[PDB]
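Chains D and C supply the protein sequences, listed in that same order.
Just so you know, the first sequence maps onto residues 396 to 547, 569 to 819 in the authors' numbering.
Just so you know, the second sequence maps onto residues 494 to 543 in the authors' numbering.
Below is one structure; the comments refer to it alone.
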Amino acid sequence: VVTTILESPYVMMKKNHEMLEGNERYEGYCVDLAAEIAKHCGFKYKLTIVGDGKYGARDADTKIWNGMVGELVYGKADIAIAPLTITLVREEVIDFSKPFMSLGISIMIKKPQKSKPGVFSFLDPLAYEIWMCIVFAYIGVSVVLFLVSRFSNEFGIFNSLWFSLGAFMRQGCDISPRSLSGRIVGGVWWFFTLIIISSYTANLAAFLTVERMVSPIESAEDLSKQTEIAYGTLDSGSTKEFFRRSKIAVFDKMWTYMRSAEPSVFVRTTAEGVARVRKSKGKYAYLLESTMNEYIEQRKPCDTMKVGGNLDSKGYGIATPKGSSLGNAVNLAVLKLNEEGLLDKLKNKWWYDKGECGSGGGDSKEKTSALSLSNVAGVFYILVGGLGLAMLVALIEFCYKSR
Amino acid sequence: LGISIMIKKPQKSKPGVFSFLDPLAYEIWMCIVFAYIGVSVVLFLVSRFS
Ligand SMILES: O=c1[nH]c2cc(C(F)(F)F)c(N3CCOCC3)cc2n(CP(=O)(O)O)c1=O
Ligand SMILES: CCCCCCCCCC
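Next up, the structure:
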């Protein structure tokens, strides 16, 4: 007479549960765990799911345990082969195994996918500092060419800025320097433009060929500092109580943010939380138990992923009432299962082998597409802006010269 | 003998006649033509003021 719980990856009801019902045919990770714990410790067990459907807790006035703690303290069932977060209160009333699985408060974010190419994206292949240095190098070269042609000759400032700009944009030059000191400047600026244009084309080809996606946030230590991404918990439970009772600097900040923030970042249920993460953009991050997050990221549509380590560690046990002669028959078997590499094999199978998606198959899967007008339109805007400006200055010069 | 794979035979996949235009979408080429006409007319207009 062992209890259980209905969490999907641990104890699940298979297709056509009417035909296959009861201890004879169940599916789940905890089901295989119970089978193996019986194989190591032969005993009569009947899978009696908890009636209440939840884990232990005591009401302050009622002072009674309910779920898989009430089913154990009150002799309603032998043990509880199900995920129990080992904790002080539960231990004080049950006898806990050595943790057969350790976990923590993971961070859940939507899988980083390529954004819409912004306006002014054409100047991505070169850093901002390089663009500014290009502008001021052009303005320095033109001034020096002017000064050189006016020591020792139509290279006035206006007519030399045009030559430098013509030489940069690969379009043929109208005139060429004749002196030696003008020709040195011409030659070195020609070399400079050649190298820069080759660098821009090559780096753009690198951008287009292999795409490299980066997670916007890596760990909660930086998620606290960001604050442009909203991150939320479940309503109330281990996670919220942990954050309110925390005293570490980063966690205290991550709680002060979420305590006073609008709208309601706290989510009613984990299904709503994952739905909100998937629906929204990368502006929402969800803080849940590590196991649930690892499991969720494997099912369809595989649109989410786990980032960063576990914030605080706690383990899952196999409960047993204090006076049981079976109390010490489970510690040793759990330790042996953990040491044999059997529990890890069970989890690996149950989570990755029964996985909706695989990482290796879509690892590269690279396909290239034609440059849409969205990528480029940042230069069409500049073109039409330049034309409008040219007409404007033409009218200004005309009006000034007419009077 | 043994268990063996079986996949659809990859076709020759001959390229299109005007396949050289692929690296830029249709909209980009046509807006290039239209911006060319616009720039030519604006340059002419600005050049001529009496
Ligand atoms: O003993 C407890 N064990 C628990 C085990 C699990 C899980 F491992 F996932 F099955 C969860 N979930 C976390 C989110 O995914 C679905 C349910 C809650 C548990 N809670 C309530 P908490 O206080 O919110 O942790 C307990 O009290
Ligand atoms: C899709 C066919 C249109 C391409 C026109 C190419 C001409 C551009 C040079 C002005």
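For each residue, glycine too, the CB sits at the ideal point set by N, CA and C.
Exercise. Which of helix, strand or coil does DSSP assign to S662 (chain D)?
Worked result: For the purposes of this step, residue 662 (chain D) is taken as residue 246 along the first sequence, with counting starting at 1. Looking at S662 (chain D) - three-state DSSP - the assignment turns out to be coil, as it is neither helix nor strand.
Exercise. Taking only beta-carbon atoms, is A621 (chain D) less than 8 Å away from chain C?
Worked result: One-based indexing of the first sequence puts residue 621 (chain D) at position 205. Answer no: the Cβ-Cβ gap between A621 (chain D) and chain C never drops below 8 Å.
Exercise. If you scan the region 728-789 of chain D from start to end, which runs of the alpha helix (DSSP H) of 4 or more residues do you find wholly inside it?
Worked result: 744-755 and 758-764
Problem set entry | Sequence-distant residues of its chain with Cβ nearer than 7 Å to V426 (chain D) (five each side left out) | In the first sequence, the residue the question calls residue 426 (chain D) occupies position 31. Cβ neighbours of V426 (chain D) beyond the five flanking positions: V406.
Exercise. Excluding sequence positions up to five away, which residues of its chain have a Cβ less than 7 Å from the Cβ of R684 (chain D)?
Worked result: Against the first sequence, residue 684 (chain D) aligns to sequence position 268. If we look at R684 (chain D) and ignore the five residues flanking it on each side, its Cβ neighbours are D651.
Exercise. Is it right to say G465 (chain D) is buried, meaning 16 or more other beta carbons lie within 10 angstroms of its own, or is it exposed?
Worked result: To locate residue 465 (chain D), count along the first sequence from 1; it is residue 70. Buried, by the Cβ-count rule.
Problem set entry | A429 (chain D): first and last residue of the uninterrupted alpha helix (DSSP H) it sits in | The count along the first sequence starts at 1 and reaches residue 429 (chain D) at position 34. First-last of the alpha helix (DSSP H) with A429 (chain D): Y424 to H435.
Problem set entry | Straight-line gap, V510 (chain C) to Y529 (chain C) (C-alpha atoms, nearest Å) | Locating residue 510 (chain C) in the second sequence gives position 17, where the first residue counts as 1. Locating residue 529 (chain C) in the second sequence gives position 36, where the first residue counts as 1. Distance between the alpha carbons of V510 (chain C) and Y529 (chain C): 25 Å.
Exercise. With distances taken between CB atoms, is the gap from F682 (chain D) to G648 (chain D) smaller than 8 Å?
Worked result: Position 266 of the first sequence, counted from the start, is the residue given in the question as residue 682 (chain D). Position 232 of the first sequence, counted from the start, is the residue given in the question as residue 648 (chain D). Yes. Within cutoff.
Exercise. For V534 (chain C) versus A810 (chain D), is the C-beta distance shorter than 8 Å?
Worked result: As a working mapping, residue 534 (chain C) is identified with position 41 in the second sequence. As a working mapping, residue 810 (chain D) is identified with position 394 in the first sequence. Taking 8 Å as the Cβ cut-off, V534 (chain C) and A810 (chain D) do not qualify as a contacting pair.
Problem set entry | Secondary structure of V445 (chain D), DSSP reduced to three states | Working through the first sequence from its first residue, we reach residue 445 (chain D) at position 50. Reduced to three states, the DSSP call for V445 (chain D) is coil.
Exercise. Looking at chain D, which residues of the region 500-525 of chain C have a Cβ within less than 7 Å of any of its Cβ atoms?
Worked result: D515, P516, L517, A518, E520, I521 and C524
Exercise. Since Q714 (chain D) contacts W767 (chain D) with CB under 8 Å, what's their CB separation in whole angstroms?
Worked result: Counting from 1 along the first sequence, the entry for residue 714 (chain D) is found at position 298. Counting from 1 along the first sequence, the entry for residue 767 (chain D) is found at position 351. At roughly 6 Å, the Cβ-Cβ gap stays under 8 Å, so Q714 (chain D) and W767 (chain D) are in contact.
Exercise. Whose CA, out of D:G776, D:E705 and D:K761, lies closest to the CA of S654 (chain D)?
Worked result: The sequence position of residue 654 (chain D) within the first sequence is 238, counting from 1. Here the closest residue by C-alpha is D:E705.
For this session: Work out the CA separation of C589 (chain D) and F608 (chain D) for me, nearest whole Å.
Result: Here the question's residue 608 (chain D) lines up with position 192 in the first sequence. Here the question's residue 589 (chain D) lines up with position 173 in the first sequence. If I take the Cα positions, the gap works out to 16 Å.
Problem set entry | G513 (chain D): first and last residue of the uninterrupted beta strand (DSSP E) it sits in | Start at 1 with the first residue of the first sequence, and residue 513 (chain D) comes out as number 118. Counting along the chain, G513 (chain D) falls outside any beta strand (DSSP E), and DSSP gives it neither H nor E.
For this session: May I ask whether a heavy atom of ligand 2 can be found less than 7 Å away from the beta carbon of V693 (chain D)?
Result: Here residue 693 (chain D) corresponds to residue number 277 of the first sequence, with the count starting at 1. Answer for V693 (chain D): no, Cβ out of range of ligand 2.
For this session: Take the Cβ of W460 (chain D) as the centre, count every other Cβ of all protein chains shown within 10 Å, and call the residue buried at 16 or more, exposed below.
Result: To locate residue 460 (chain D), count along the first sequence from 1; it is residue 65. It is buried - the Cβ of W460 (chain D) has at least 16 other Cβ atoms within 10 Å.
For this session: Please name the residue, chosen from D:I400, D:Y533 and D:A433, that lies closest to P478 (chain D) on a Cα-to-Cα basis.
Result: Position 83 of the first sequence, counted from the start, is the residue given in the question as residue 478 (chain D). The shortest Cα separation from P478 (chain D) among D:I400, D:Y533 and D:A433 belongs to D:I400.
For this session: Go through its chain and collect everything with a Cβ distance to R453 (chain D)'s Cβ below 6 Å, but skip five positions before and after it.
Result: As a working mapping, residue 453 (chain D) is identified with position 58 in the first sequence. Same-chain partners within the cutoff: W460.
For this session: Flag this pair as touching only if the region 781-795 of chain D and the region 514-521 of chain C have three or more C-beta atom pairs under 8 Å; answer yes or no.
Result: yes
Exercise. In chain C, what lies closer than 9 Å to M807 (chain D) by C-beta?
Worked result: Walking along the first sequence from the start, residue 807 (chain D) turns up at place 391. Going along chain C in sequence order, the residues near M807 (chain D) (Cβ under 9 Å) are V535, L538 and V539.
Exercise. Can you find a C-beta in chain D that's less than 8 Å from the C-beta of residue 476 (chain C)?
Worked result: This structure cannot settle anything about residue 476 (chain C), because the visible part of chain C is limited to 494 through 543.
Exercise. What did DSSP end up calling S497 (chain D) once you bin it into helix, strand or coil?
Worked result: Locating residue 497 (chain D) in the first sequence gives position 102, counting from the first residue. It is a strand residue.
Exercise. Which residues in the same chain have their Cβ closer than 8 Å to the Cβ of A646 (chain D), if we skip the five residues on either side of it in sequence?
Worked result: As a working mapping, residue 646 (chain D) is identified with position 230 in the first sequence. Correct list, in chain order: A677, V681, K699, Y700 and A701.
Exercise. Roughly how many angstroms separate the alpha carbons of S729 (chain D) and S740 (chain D), rounded to a whole number?
Worked result: As a working note, residue 729 (chain D) is residue 313 in the first sequence. As a working note, residue 740 (chain D) is residue 324 in the first sequence. Whole-angstrom Cα-Cα distance: 28 Å.
Problem set entry | Beta-carbon neighbours of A786 (chain D), restricted to chain C and to distances below 7 Å | Position 370 of the first sequence, counted from the first residue, corresponds to residue 786 (chain D). Those are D515, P516, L517 and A518, listed as they occur along chain C.
Exercise. Buried or exposed: which applies to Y421 (chain D), given that a residue is buried once 16 or more other Cβ atoms fall within 10 Å of its Cβ?
Worked result: Mapped onto the first sequence, residue 421 (chain D) falls at position 26. Looking at its Cβ environment, which holds 16 or more other Cβ atoms inside 10 Å, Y421 (chain D) is buried.
For this session: Report the neighbours of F796 (chain D) on chain C: residues whose CB is nearer than 7 Å to its CB, in chain order.
Result: Position 380 of the first sequence, counted from the start, is the residue given in the question as residue 796 (chain D). By Cβ distance, chain C contributes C524 and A528.
Exercise. Which runs of the beta strand (DSSP E), 3 residues or longer, sit entirely within the region 592-629 of chain D?
Worked result: none
For this session: Taking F814 (chain D) as the query, report the chain C residues whose CB atoms sit under 8 Å from its CB, ordered along the chain.
Result: Taking the first sequence and counting its residues from 1, the one referred to as residue 814 (chain D) is at position 398. Ordered by position in chain C, the residues that pass the 8 Å Cβ test against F814 (chain D) are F542.
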